[PDB]
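Peer 1: Below is the structure I would like to discuss, written out as C-alpha cells.
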Amino acid sequence: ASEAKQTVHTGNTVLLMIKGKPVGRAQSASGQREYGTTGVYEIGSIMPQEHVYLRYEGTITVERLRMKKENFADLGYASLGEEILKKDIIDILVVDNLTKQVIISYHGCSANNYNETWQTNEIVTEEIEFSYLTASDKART
Amino acid sequence: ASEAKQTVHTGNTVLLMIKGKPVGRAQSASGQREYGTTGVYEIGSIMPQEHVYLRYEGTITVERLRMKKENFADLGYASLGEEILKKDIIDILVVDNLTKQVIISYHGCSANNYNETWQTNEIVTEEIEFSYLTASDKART
Amino acid sequence: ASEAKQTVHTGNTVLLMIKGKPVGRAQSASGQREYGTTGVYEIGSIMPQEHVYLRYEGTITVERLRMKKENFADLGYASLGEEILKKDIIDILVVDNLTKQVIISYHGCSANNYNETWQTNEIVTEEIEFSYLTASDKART
Amino acid sequence: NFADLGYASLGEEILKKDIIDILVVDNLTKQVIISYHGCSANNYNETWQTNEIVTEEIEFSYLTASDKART
Amino acid sequence: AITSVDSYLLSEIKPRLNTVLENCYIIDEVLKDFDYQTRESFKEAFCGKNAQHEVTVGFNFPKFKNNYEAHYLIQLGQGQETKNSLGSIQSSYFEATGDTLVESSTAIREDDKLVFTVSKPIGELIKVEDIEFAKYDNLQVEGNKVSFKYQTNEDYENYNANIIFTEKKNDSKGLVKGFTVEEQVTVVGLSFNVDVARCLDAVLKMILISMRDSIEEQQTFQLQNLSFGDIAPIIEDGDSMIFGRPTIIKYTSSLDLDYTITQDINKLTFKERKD
Amino acid sequence: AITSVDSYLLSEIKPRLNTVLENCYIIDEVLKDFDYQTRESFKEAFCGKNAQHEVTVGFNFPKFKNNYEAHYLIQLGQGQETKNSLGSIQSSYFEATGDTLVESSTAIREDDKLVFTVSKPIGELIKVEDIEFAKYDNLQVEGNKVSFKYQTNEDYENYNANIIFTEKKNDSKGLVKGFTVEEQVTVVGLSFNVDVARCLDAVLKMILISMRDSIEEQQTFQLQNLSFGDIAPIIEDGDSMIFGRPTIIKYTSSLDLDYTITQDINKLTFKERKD
Amino acid sequence: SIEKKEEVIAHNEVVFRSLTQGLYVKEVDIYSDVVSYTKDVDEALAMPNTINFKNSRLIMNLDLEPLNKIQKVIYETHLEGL
Amino acid sequence: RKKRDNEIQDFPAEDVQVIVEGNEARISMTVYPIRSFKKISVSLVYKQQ
C-alpha cells in the first residue's frame with residue numbers, strides 16, 4: 001500500500017540536473033537564503049513596531065565524488081583560472097525521480113569557491129558553492 | 001493512575017499549528033527572547049545600582065521534514081524570491097494535544113532565513129527562522 | 001556512620017526556592033561573577049605592581065523542565081512582552097534540604113534572556129538567565 | 001537633575017544663579033582630594049535616543065582650583 | 001504514586017482490543033496492506049460480534065493453559081533511572097489531589113448561574129470543552145460542581161459538555177519527591193500459525209497508536225519507543241511449533257511520593273532591640 | 001496503514017523475477033562478471049521460457065518441502081523506531097485517500113474538452129505524463145475522469161498517456177497519527193550447489209535495484225541498506241549440505257492511522273457585551 | 001437506607017426514528033437524509049438537544065420522528081443494618 | 001495590532017469570551033471608545049506689580 005498523503009522526499013527520490021545532464025555520484029547539497037529582516041524601534045517602545053525585508057542573499061553548495069570523466073572542471077561548469085571570466089550563468093534543477101517534475105530550481109547560478117580534497121584512505125571528493133540570483137518553485141502539477 | 005500535579009510537556013502532547021493547519025512531520029522548534037538588560041554604574045560604586053530593560057529581540061526556529069506536498073514553499077508561508085514582499089505576517093501557535101488549549105502563541109511572525117538540505121543517506125530536512133513582534137500566553141483556563 | 005567533617009553538597013541535598021515556592025523539576029543552575037581585576041604597569045617594570053577591582057558583573061542561569069502548570073511564564077516570574085516592564089525584582093535562594101538553612105542567596109535578580117526548546121524525542125526544557133545586583137551568604141548557623 | 005535641583009538653568013533664570021563650588025572626595029573617609037571654586041556654566045547638552053540611557057552633560061568654567069585641607 | 005506499567009497495559013488493551021475486533025471496517029483499515037487470503041481468514045475467525053473464536057491476554061508464568069491459537073503475552077522487563085531533580089523535588093501542591101478525570105455533564109438552571117455537577121469534588125479544574133469563560137462570567141467551583149453566571153448565556157440552559165477535572169481529597173498542602181524512570185516492557189503474540197501472528201502484531205501496533213491520545217498516556221506514560229524482534233519458534237517440543245514476534249515498549253514516568261507540611265505560619269510579630 | 005514489508009517483497013519479487021529469468025539478454029548483463037562455465041550452466045537450467053527447472057520463493061517454517069535446488073527464503077527480522085513528530089502528527093488531509101495508482105488512458109473527444117477516464121475516482125491528481133496544463137486549459141477533475149479544454153489542443157484527440165492518481169474514498173477530512181519505523185528483513189538463497197547460490201544472489205541484487213524505481217518503494221519504502229553475510233552450510237545432516245548467503249534489507253516507513261474530525265465550524269456569530 | 005446520593009445528567013440529545021420501519025437512524029447522506037437504519041436505541045444518530053442546534057439544522061426528512069433522549073446516571077450508597 | 005497602529009487607545013484583554021456549539025461559535029468582547037476634548041474653563045486675576 002502507498003498513501004501519498006504522508007510521503008516525504010529522500011535521497012532515492014531526487015535527481016540533481018544541470019543543462020539536462022544528471023550529475024553523477026552527487027552526494028549532498030544545501031541551500032541558504034537570507035532576507036535580512038530588520039526591526040524598527042521607536043523612542044517610546046522597547047518592542048519592534050514592525051519588521052522589513054532589506055536584502056536577499058542566497059547560496060547553494062554541492063558535494064560530489066570526482067569521477068574520472070565529466071568532473072565539474074571537465075564539464076566546463078567550474079573553472080580553474082581566467083577561463084572563469086568566459087563562463088556564463090547556469091541553472092541548477094532538483095527534479096523528482098518518480099514524475100520528473102520539478103521541486104526547486106535556482107536561476108542565474110554563479111560559482112563562489114571551489115574545493116577538492118585528495119586523501120589516501122577515502123574516495124576523492126570535491127565541493128562547489130554557488131551564488132544565485134533567484135530561486136523558483138514553479139512548474140508544479 | 002494520573003496525578004496532574006506533576007505532569008510535564010513532551011513531543012507527544014504538543015501540536016504546532018499555523019492558520020489552523022497542523023504542520024506535518026515537524027521535528028523541533030526553539031524560541032529565544034532578549035530583553036537587553038543593562039546595569040547602571042555610578043562613580044562611587046563598582047556594583048550595579050540597578051538594571052533596566054532596553055530592547056526586545058525574539059526569534060523562533062522550526063525544523064521540518066519536507067513532505068512532497070504542503071511544504072513551507074507550497075503553503076505560501078515561506079518564499080523564494082520577490083514573492084516574499086507580498087507575504088503578510090502570520091501567527092504560530094503551540095497548542096496542547098489533550099485539551100486543544102494554547103500554551104504559547106507568537107504574534108506578527110516574519111521570516112528571517114530559510115535553509116534546506118538535500119542529502120543522500122537521510123530524509124530531506126528544511127529549517128526556517130522567524131522574527132516576531134510579540135509573544136503571548138493568554139487564553140488559559 | 002556519618003562524619004560531617006567531609007560531607008559535600010549534591011543534587012539531593014539542595015533546593016531552589018523563589019518567594020518561598022520551591023520550583024519544581026529544576027535541573028541545573030550556574031552562577032558567574034566578574035570583579036574585572038586589572039593590573040597597574042609602571043614604565044620601569046614589566047611586572048604588574050598591583051591589581052585593583054573595578055567592576056562587578058554577575059549572572060545566574062536556571063534550567064527547568066516545563067511543567068504543565070506553574071511554568072515560569074504562568075508564575076509571573078518571567079515575561080513574554082511588555083508585561084516585563086511591570087515585573088519587579090526577585091530574590092533566588094538556594095537552601096539546604098537537610099536543615100533548611102541558606103547556602104547562597106541572590107538579591108535583586110532581573111531577567112536577561114529567555115529560552116525554550118520544543119523537541120520531538122525529549123521532554124520540553126526552558127532556560128532563563130538572570131542578572132543580579134548582589135549576592136549574599138548570610139544567615140549561617 | 002541639575003535643572004530640577006537648580007544647579008543648572010535653561011532660560012533667563014541663569015542670571016539669578018550664583019557661583020557653585022564642586023568637590024571631589026575620597027569615598028572612604030570623606031576627605032577632600034580637589035576643589036573647584038567659583039564654578040559657572042558655559043555649555044549644557046542633552047540627548048535622547050531609542051534604546052540608550054538619557055545622557056545629561058554640562059560644562060563649567062571656574063575662577064580657581066585649590067587642593068588644600070589634605071595636609 | 002508508583003506506576004505499575006504492566007497493569008496499565010492490561011487495563012487499556014482489554015477493552016480497546018475487544019472494540020477493534022468487534023467491527024469489520026476498522027480491521028480492513030488496519031489490514032489494508034496484507035493480502036486478501038490472510039486478511040479475510042483472520043476476519044472470518046476473530047472479527048465481528050458473532051466470532052466463535054476469541055483472543056485472550058495474560059501475564060507470564062501462569063499455572064493454567066492459555067489459548068495458544070491466539071494470545072497476547074506480557075512480561076515486565078527492565079527498568080532504569082534517567083533524570084533527577086534538585087532535592088528530588090517534582091512539584092508543590094496546596095491540595096491533596098488524586099487522578100485526573102474526564103466527565104460529561106449537562107448544564108442546570110439555577111437563578112444566578114448555570115452549573116454542572118460531577119461525580120466527585122472538583123478540586124482543580126483544567127478545561128470545559130470549548131468554553132473560554134470571561135471574567136464577567138465569574139467561573140468558580142463549589143464542592144462537586146462548577147458554576148458560571150447566567151446572563152448573556154441564556155441559550156445554554158441545555159448545554160451538553162465534557163469536563164476535565166481532578167480528584168480532591170484533602171486541603172493538606174504538601175510537596176512531591178521522586179524521579180523519572182525509564183522502563184521497558186515486553187509484549188508478544190502467540191500462535192501455531194504464523195499468518196495469525198503477523199496480523200495479531202499489526203493490530204497491536206494500531207492500539208498502541210490510539211493509546212497515545214489517552215489521558216493516562218498523555219499525563220503519566222510518555223515518550224513511546226517501540227522495538228520489534230524477529231519471528232521465532234517459541235516452542236519446539238510438541239506436535240507443532242509456536243510462533244511469535246516479541247515487541248518491546250519503553251516508557252518515561254515518575255515515581256512520586258507525597259510529603260505533607262504542618263509548619264503553616266500564620267502569625268508574625270516584630271519586636272525591637274531593647275538597646 | 002500498517003505496512004507488511006514481508007508481503008511487499010513477495011508481491012514485487014514473484015512477477016519481476018519470472019520476467020528476468022524469461023529472457024536471456026538481461027541475464028547476460030547481470031552475469032557479465034561471472035565465468036563462462038557458471039554463467040551458461042545457470043542459463044541452461046533456469047533461463048528462458050522453455051526452462052524445465054524453476055525457482056521458488058516462500059516464507060520460513062513451512063510444513064511442506066521447498067525446492068532446495070533453488071529457492072528464495074524470507075524471514076521478517078527485527079524492527080525499531082527511529083524518528084517521531086510533534087503530537088505524532090504526520091499529515092492532514094481533506095479527503096479520505098487510499099493508494100496511489102498509475103493508469104494508462106486515451107483522450108476522448110467531448111464538445112468543449114478532451115477527457116481521460118480512469119478505473120476509479122480520481123481524488124488527488126499528481127501528474128499526467130509530460131503535460132504542463134496552462135490556466136487557459138482549465139484542467140479539472142470530475143469523478144473518475146480528468147478534463148482539459150479542447151481549443152489549441154486539437155491535434156491530441158487520440159493522445160495516449162499515463163496518469164498518476166490517488167484512490168478517493170470519502171470526503172471525511174481527518175488527521176494522520178504515526179511515526180517512522182526502521183525495519184530489517186532477511187533474504188537468503190538456497191542450493192546444494194554453491195555456484196547456483198552465487199548466481200542466485202546476484203540476480204536478487206539487480207531486482208532490488210529495479211525496485212528502487214517502483215511506486216511503492218519511492219512513496220512508502222525508502223532508504224535501502226543492504227548487508228550480505230558469508231556463504232555458510234545451512235544444513236549438514238543429509239546426503240549433501242545446503243549452501244546459502246543470507247542478505248539483510250533495511251527499510252524506513254511510517255506506521256500511520258487515520259483520525260477523523262467531525263467538529264466542522266460553519267457558523268460564526270458576534271455579540272457585543274451588554275455593558 | 002440511603003446515606004448519600006447524587007444525580008447527574010450526562011447527555012441531552014435528539015434522536016431520529018423512522019415512522020414506518022421504527023428503526024433508528026444509523027448513518028445519513030450528504031444532506032443528513034438517511035442511508036442506514038439500526039434497531040439500537042443508543043447507537044442511533046443523535047445530536048444535542050439545544051435551541052441553537054435547531055437553528056443550525058427534523059428539517060430534512062419526512063419519514064422522520066425526531067425524538068428526545070436523556071441519560072441519567074446515579075451515584076448512591078447504602079448502610080444495610082443487620 | 002490595532003493598538004500598535006493607534007486605531008484603539010485601550011481595551012481589556014481578559015474580557016473576551018468564546019463559546020462553541022456544534023457548527024456555531026459565539027464571540028463576546030469589549031473595547032473602550034475614544035474620548036475627545038470638549039470643555040475648557042478659564043479664569044483670570046489681575047494684580048498690581
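Residue numbers start at 1 in each chain; chains themselves are named A, B, ... in the order of the C-alpha cells; ligands are numbered from 1 in the order shown.
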Taking a cut-off of 8 Å and counting only C-alpha atoms, can you build a table that, for each residue of stretch 32-56 of chain A near stretch 43-62 of chain B, reports the nearest atom pair and how far apart they are in Å (one decimal), sorted by chain then residue number, as a Markdown table?
Peer 2:
| residue | atom | partner | partner_atom | distance |
| --- | --- | --- | --- | --- |
| A:46 | CA | B:55 | CA | 4.7 |
| A:47 | CA | B:56 | CA | 5.2 |
| A:48 | CA | B:56 | CA | 7.0 |
Peer 1: Residues at most 10 Å from residue C:117, counting only C-alpha atoms, excluding those fewer than 3 positions away in the same chain, as a ChimeraX atom specification?
Peer 2: /B:28-32,60-61 /C:65-66,120,122-127
Peer 1: How would you write, as a list in words, the set of residues in stretch 154-242 of chain E that DSSP gives as helix (DSSP H, G or I)?
Peer 2: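 Restricting stretch 154-242 of chain E to helix (DSSP H, G or I) produces residues 154, 155, 156, 194, 195, 196, 197, 198, 199, 200, 201, 202, 203, 204, 205, 206, 207, 208, 209, 210, 211, 215, 216, 217, 218 and 219 of chain E.
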Peer 1: Mind writing the picked residues with N, CA, C and O atoms as a compact mmCIF listing (two decimals), in the first residue's frame?
Peer 2:
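Contents of the output file selection-v9.txt:
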# COMPACT_ATOMS: atom_id res chain seq x y z
N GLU E 154 -27.99 32.73 27.95
CA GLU E 154 -29.28 32.14 28.28
C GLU E 154 -29.69 31.05 27.29
O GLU E 154 -30.62 30.28 27.57
N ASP E 155 -29.03 30.98 26.14
CA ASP E 155 -29.36 29.93 25.18
C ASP E 155 -28.84 28.57 25.63
O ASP E 155 -29.20 27.55 25.04
N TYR E 156 -28.00 28.54 26.67
CA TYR E 156 -27.25 27.35 27.03
C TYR E 156 -27.77 26.67 28.29
O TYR E 156 -26.99 26.04 29.01
N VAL E 194 1.71 -18.88 11.60
CA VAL E 194 2.49 -17.65 11.54
C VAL E 194 1.65 -16.49 11.02
O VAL E 194 1.80 -15.35 11.48
N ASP E 195 0.76 -16.75 10.06
CA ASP E 195 -0.03 -15.67 9.47
C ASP E 195 -0.85 -14.96 10.53
O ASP E 195 -0.97 -13.73 10.52
N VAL E 196 -1.43 -15.72 11.46
CA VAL E 196 -2.23 -15.12 12.53
C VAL E 196 -1.36 -14.20 13.37
O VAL E 196 -1.78 -13.12 13.78
N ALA E 197 -0.13 -14.63 13.65
CA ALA E 197 0.77 -13.82 14.47
C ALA E 197 1.04 -12.47 13.83
O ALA E 197 1.00 -11.44 14.51
N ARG E 198 1.31 -12.46 12.53
CA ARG E 198 1.61 -11.20 11.85
C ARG E 198 0.41 -10.26 11.89
O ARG E 198 0.56 -9.06 12.15
N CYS E 199 -0.78 -10.80 11.65
CA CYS E 199 -1.99 -9.99 11.76
C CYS E 199 -2.16 -9.50 13.19
O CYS E 199 -2.53 -8.34 13.43
N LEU E 200 -1.89 -10.37 14.16
CA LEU E 200 -2.07 -10.01 15.56
C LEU E 200 -1.12 -8.89 15.96
O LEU E 200 -1.52 -7.96 16.67
N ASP E 201 0.13 -8.96 15.50
CA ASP E 201 1.09 -7.90 15.83
C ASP E 201 0.65 -6.57 15.24
O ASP E 201 0.74 -5.53 15.89
N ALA E 202 0.17 -6.59 14.00
CA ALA E 202 -0.24 -5.35 13.34
C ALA E 202 -1.42 -4.71 14.07
O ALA E 202 -1.49 -3.48 14.20
N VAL E 203 -2.35 -5.53 14.55
CA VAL E 203 -3.46 -5.00 15.34
C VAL E 203 -2.93 -4.30 16.58
O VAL E 203 -3.41 -3.23 16.98
N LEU E 204 -1.93 -4.90 17.22
CA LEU E 204 -1.35 -4.31 18.42
C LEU E 204 -0.78 -2.93 18.14
O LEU E 204 -1.03 -1.99 18.89
N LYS E 205 -0.05 -2.79 17.03
CA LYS E 205 0.59 -1.51 16.72
C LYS E 205 -0.44 -0.39 16.64
O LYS E 205 -0.16 0.75 17.04
N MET E 206 -1.64 -0.69 16.14
CA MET E 206 -2.65 0.35 15.99
C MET E 206 -3.13 0.85 17.35
O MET E 206 -3.24 2.05 17.58
N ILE E 207 -3.43 -0.08 18.26
CA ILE E 207 -3.98 0.34 19.55
C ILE E 207 -2.92 1.04 20.38
O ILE E 207 -3.23 1.89 21.23
N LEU E 208 -1.64 0.70 20.16
CA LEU E 208 -0.58 1.49 20.78
C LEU E 208 -0.63 2.93 20.31
O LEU E 208 -0.44 3.86 21.10
N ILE E 209 -0.90 3.14 19.02
CA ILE E 209 -1.03 4.49 18.49
C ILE E 209 -2.21 5.19 19.15
O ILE E 209 -2.12 6.35 19.57
N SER E 210 -3.34 4.49 19.24
CA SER E 210 -4.53 5.09 19.85
C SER E 210 -4.28 5.42 21.31
O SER E 210 -4.85 6.38 21.84
N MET E 211 -3.44 4.63 21.98
CA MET E 211 -3.15 4.90 23.38
C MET E 211 -2.37 6.20 23.55
O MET E 211 -2.34 6.77 24.64
N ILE E 215 -5.74 9.70 28.24
CA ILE E 215 -5.45 10.65 29.31
C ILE E 215 -4.25 10.18 30.12
O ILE E 215 -3.33 10.94 30.41
N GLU E 216 -4.26 8.90 30.50
CA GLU E 216 -3.17 8.36 31.30
C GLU E 216 -1.85 8.45 30.55
O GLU E 216 -0.82 8.83 31.12
N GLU E 217 -1.86 8.10 29.27
CA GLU E 217 -0.64 8.14 28.47
C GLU E 217 -0.13 9.57 28.33
O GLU E 217 1.07 9.83 28.48
N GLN E 218 -1.03 10.51 28.04
CA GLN E 218 -0.60 11.89 27.84
C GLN E 218 -0.03 12.48 29.12
O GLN E 218 0.90 13.30 29.08
N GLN E 219 -0.56 12.07 30.26
CA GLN E 219 -0.21 12.72 31.52
C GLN E 219 0.88 11.96 32.27
O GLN E 219 1.75 12.57 32.88
Peer 1: Write down as a list in words the residues of chain H whose backbone DSSP state falls under strand (DSSP E or B).
Peer 2: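 After running DSSP on the backbone, chain H has strand (DSSP E or B) at residues 17, 18, 19, 20, 21, 24, 25, 26, 27 and 28 of chain H.
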Peer 1: Write the residues of the preceding selection, restricted to N, CA, C and O atoms, as a PDB file, in the first residue's frame.
Peer 2:
ATOM      1  N   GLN H  17     -14.801  36.470  25.545  1.00  0.00           N
ATOM      2  CA  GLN H  17     -15.468  35.198  25.770  1.00  0.00           C
ATOM      3  C   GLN H  17     -15.666  34.501  24.434  1.00  0.00           C
ATOM      4  O   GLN H  17     -15.973  35.145  23.427  1.00  0.00           O
ATOM      5  N   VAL H  18     -15.482  33.184  24.430  1.00  0.00           N
ATOM      6  CA  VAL H  18     -15.697  32.360  23.251  1.00  0.00           C
ATOM      7  C   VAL H  18     -16.435  31.101  23.670  1.00  0.00           C
ATOM      8  O   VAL H  18     -16.065  30.458  24.660  1.00  0.00           O
ATOM      9  N   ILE H  19     -17.474  30.753  22.920  1.00  0.00           N
ATOM     10  CA  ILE H  19     -18.244  29.538  23.137  1.00  0.00           C
ATOM     11  C   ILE H  19     -18.481  28.888  21.786  1.00  0.00           C
ATOM     12  O   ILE H  19     -18.780  29.574  20.803  1.00  0.00           O
ATOM     13  N   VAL H  20     -18.339  27.568  21.734  1.00  0.00           N
ATOM     14  CA  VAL H  20     -18.538  26.792  20.517  1.00  0.00           C
ATOM     15  C   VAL H  20     -19.640  25.779  20.775  1.00  0.00           C
ATOM     16  O   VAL H  20     -19.709  25.181  21.854  1.00  0.00           O
ATOM     17  N   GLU H  21     -20.505  25.592  19.780  1.00  0.00           N
ATOM     18  CA  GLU H  21     -21.666  24.716  19.925  1.00  0.00           C
ATOM     19  C   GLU H  21     -21.940  24.093  18.557  1.00  0.00           C
ATOM     20  O   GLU H  21     -22.608  24.693  17.711  1.00  0.00           O
ATOM     21  N   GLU H  24     -21.533  26.233  15.349  1.00  0.00           N
ATOM     22  CA  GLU H  24     -21.666  27.651  15.647  1.00  0.00           C
ATOM     23  C   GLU H  24     -20.721  28.040  16.773  1.00  0.00           C
ATOM     24  O   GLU H  24     -20.414  27.227  17.650  1.00  0.00           O
ATOM     25  N   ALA H  25     -20.267  29.288  16.737  1.00  0.00           N
ATOM     26  CA  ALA H  25     -19.440  29.862  17.785  1.00  0.00           C
ATOM     27  C   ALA H  25     -19.977  31.233  18.161  1.00  0.00           C
ATOM     28  O   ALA H  25     -20.436  31.985  17.295  1.00  0.00           O
ATOM     29  N   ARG H  26     -19.911  31.554  19.450  1.00  0.00           N
ATOM     30  CA  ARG H  26     -20.300  32.859  19.962  1.00  0.00           C
ATOM     31  C   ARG H  26     -19.064  33.578  20.473  1.00  0.00           C
ATOM     32  O   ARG H  26     -18.252  32.990  21.194  1.00  0.00           O
ATOM     33  N   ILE H  27     -18.925  34.844  20.098  1.00  0.00           N
ATOM     34  CA  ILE H  27     -17.786  35.665  20.482  1.00  0.00           C
ATOM     35  C   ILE H  27     -18.316  36.927  21.144  1.00  0.00           C
ATOM     36  O   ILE H  27     -19.217  37.583  20.610  1.00  0.00           O
ATOM     37  N   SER H  28     -17.759  37.261  22.305  1.00  0.00           N
ATOM     38  CA  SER H  28     -18.126  38.470  23.024  1.00  0.00           C
ATOM     39  C   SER H  28     -16.867  39.142  23.542  1.00  0.00           C
ATOM     40  O   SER H  28     -15.967  38.478  24.061  1.00  0.00           O
TER      41      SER H  28
END
Peer 1: Write out, as JSON lines, each residue of chain G that has an atom at most 12 Å from chain H, together with the closest pair of atoms and their distance in Å to one decimal, counting only C-alpha atoms, rows going by chain and rising number.
Peer 2:
{"residue": "G:47", "atom": "CA", "partner": "H:22", "partner_atom": "CA", "distance": 9.0}
{"residue": "G:48", "atom": "CA", "partner": "H:22", "partner_atom": "CA", "distance": 8.5}
{"residue": "G:49", "atom": "CA", "partner": "H:21", "partner_atom": "CA", "distance": 11.2}
{"residue": "G:50", "atom": "CA", "partner": "H:21", "partner_atom": "CA", "distance": 9.1}
{"residue": "G:51", "atom": "CA", "partner": "H:21", "partner_atom": "CA", "distance": 10.5}
{"residue": "G:52", "atom": "CA", "partner": "H:21", "partner_atom": "CA", "distance": 7.8}
{"residue": "G:53", "atom": "CA", "partner": "H:22", "partner_atom": "CA", "distance": 7.1}
{"residue": "G:54", "atom": "CA", "partner": "H:22", "partner_atom": "CA", "distance": 10.8}
{"residue": "G:55", "atom": "CA", "partner": "H:24", "partner_atom": "CA", "distance": 10.0}
{"residue": "G:56", "atom": "CA", "partner": "H:23", "partner_atom": "CA", "distance": 7.3}
{"residue": "G:57", "atom": "CA", "partner": "H:23", "partner_atom": "CA", "distance": 9.5}
Peer 1: Between F:266, F:88, F:80, F:158, single out the one closest to chain E, counting only C-alpha atoms.
Peer 2: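 Ranked by minimum distance to chain E, first place goes to F:80.
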Peer 1: Considering only C-alpha atoms, can you say which of E:117, E:254, E:153, E:82 comes closest to residue G:9?
Peer 2: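 Distance minimum relative to residue G:9 lands on E:117.
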Peer 1: Which of these residues is nearest to residue B:21, using only C-alpha atoms: F:3, F:180, F:92, F:140?
Peer 2: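 Selected residue with least distance to residue B:21: F:92.
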